[PDB]
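Two versions of one and the same chain are coming, encoded as structure tokens; call them structure 1 and structure 2.
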Structure 1
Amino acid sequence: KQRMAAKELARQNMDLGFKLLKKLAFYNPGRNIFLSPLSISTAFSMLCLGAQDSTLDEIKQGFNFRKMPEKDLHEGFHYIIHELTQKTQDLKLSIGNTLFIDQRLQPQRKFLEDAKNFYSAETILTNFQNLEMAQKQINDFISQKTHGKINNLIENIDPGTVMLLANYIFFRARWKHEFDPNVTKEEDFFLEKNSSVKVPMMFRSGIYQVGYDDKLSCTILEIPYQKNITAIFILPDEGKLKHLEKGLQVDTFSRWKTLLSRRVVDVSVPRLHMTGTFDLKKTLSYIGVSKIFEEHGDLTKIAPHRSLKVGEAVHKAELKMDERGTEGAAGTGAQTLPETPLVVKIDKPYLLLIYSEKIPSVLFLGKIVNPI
């Protein structure tokens, strides 16, 4: 259907990525940050199905699902999830959800039917009494969907756990124009003006979408993949990283598109491998989402006759960027229990933003202060 809700939803999921990145950088300055905003949004938007009252209110507030009808939210996610799904030529992009429900547990009929519909949720039975058995079963499932990039998603399972909501995303693609390994060579990467470090730097000269933002004082550069997906680099001027971070809003990405223009560019991009792990309980507290992790009898839509709360919530992300392309993967789990050519040299702290063009959505989001 003519569902323009996916676009508005993408606009808000986009803003949510920045929200977390701001707060994460604010509380953890001078460190690498990598995550998948889409993976976290889908997980907690699916969690909104079986929630109500202040628990629902706080989650909608933090994840920007507030200014939106209930209809357009889940209908929007179903559109994004279905359209993004591509296991076609030169582009593997998988995204899905899974409910690890206990046999004894009989959750509401509406919650499951909506989970299976809007989010294509796969029902799977588990025995949480056998912590050692349940863990391996769940970690193996995610390890299989992410082709072994996200291992041991769940480190500790609570005895009282009755359900585990799980989201996974896998991404593999090659550049539209690959870099030549012969040209790549170790060059300086400046953590600061004086301090530098040698890192493997890729290089190619060609037509790139490029521009410069005067408001946030940064250079924009798009390096598209073989199809649909593209990688956007945000290179701020010297001593304006904090200026860039704080200036991130919901309209930021929209503006950057108007500043683009196809030009011949001699781009220098470092090889990038990143691993991210987050305790979502601590993280989501930064955006006001806390009730979901406390007992308030708001998750009755999940269990009609049990007082449930979320115990352990975790997010893990993985990226490997090289000359051939990029391989991305992430997971999210939550337990419920009782002429001179233009030159753009990326040799200093920058932001990386993996974005799907044809299907507006941020698959991954990163802050690189040191590619090693």
Structure 2
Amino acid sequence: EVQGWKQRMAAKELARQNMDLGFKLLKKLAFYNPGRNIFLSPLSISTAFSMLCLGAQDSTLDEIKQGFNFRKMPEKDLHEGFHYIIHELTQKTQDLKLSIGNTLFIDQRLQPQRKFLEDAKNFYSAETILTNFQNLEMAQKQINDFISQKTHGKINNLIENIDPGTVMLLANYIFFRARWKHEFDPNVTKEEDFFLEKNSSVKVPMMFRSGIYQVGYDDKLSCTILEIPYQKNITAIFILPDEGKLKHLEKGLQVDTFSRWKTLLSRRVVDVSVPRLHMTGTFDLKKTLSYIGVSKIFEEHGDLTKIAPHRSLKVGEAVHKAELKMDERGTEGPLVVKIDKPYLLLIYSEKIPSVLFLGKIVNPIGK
């Protein structure tokens, strides 16, 4: 209880760092891809490359730690911190279904080392699965089926392409199902307009509830903040930019922003309209990580011999997939906040405190 203090402290500092990462990834992703939905888990992304530090050495290890900012604390604390984060969040209960998966798919000719395997399992619950990469079509079919089975059909078609010569593929995935502190009534959910532009709109299933919620307005970022709590100590933070202020919001988000919003939010009676969601986000981590200058893990440098003793070993391919369902489900028993235009969604763990998911929702029924 008391013992686990250092694990929580390390986790509190790492969660501060995944918040920054998340805002950096969204800002980059939205700059290159405007007008599109972005849905990732900066926390799950981080566990994948922190797990790899258990098997990386020299220039590769150093670049991962610099890019991800794992440099402030000792390596022992980094791994014990992430072990704590994963152990606390991983659940299969009536209230919360949450899992962070990390699977290394390595060529069946190679021999993953006992020590790396025990460490990855013990600290991250990460597993290595031997694959026949000489048959690329069958390998993709085997990987996708392994994950679909593992996640009970929550994480499907993770891999779309395998480059020839790939001997090591990293698969990082997260799914989420949670009950709200107070359920929405399905009988009150109606098809409503979601404005894709000021001029254009589509009909979306819109949920409605009236009750007490932590609500506020940020005049610096020009946005409305609404928080809807889950039954377990997790919160859905809805950030609704003002008409013409979406870019300003994306460029303005930082770590200090949260402690600033704490003084802007108060518990008030709000008439809430929130779209239902079934979001997925798939990312090629070789491209994504170029935003934080991490590339050596994807190149041959003789730095991964702790994973498998072959000098030419690199991570050939790395994919992230985030999945979330947002509906009326919750625990059974005014201002106006209408989430009917493009918005940001932060799934925030309060007990860690970590950013589990970060989404840019331009269309709740599209991409």
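Under this definition, the rigid core comprises the largest set of C-alpha atoms superposing within 1.5 Å between the forms. Numbering for residues begins at 1 and runs along the sequence of structure 1.
Of the residues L235, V265, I101, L244, exactly one exceeds or equals a 2 Å C-alpha shift between the two structures once the rigid core is aligned, and that residue is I101. For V314, the Cα coordinates differ by under 2 angstroms between the two structures after the core has been superposed. After superposing the rigid core, the C-alpha of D347 moves by less than 2 Å between the two structures. After superposing the rigid core, the C-alpha of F293 moves by less than 2 Å between the two structures. We note a C-alpha movement of 3.1 Å at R66 between the two structures, with the rigid core held in register.
Relative to the superposed core, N13 has its Cα moved 0.9 Å between the two structures. In the rigid-core superposition between the two structures, residue position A121 carries a C-alpha shift of 4.1 Å.
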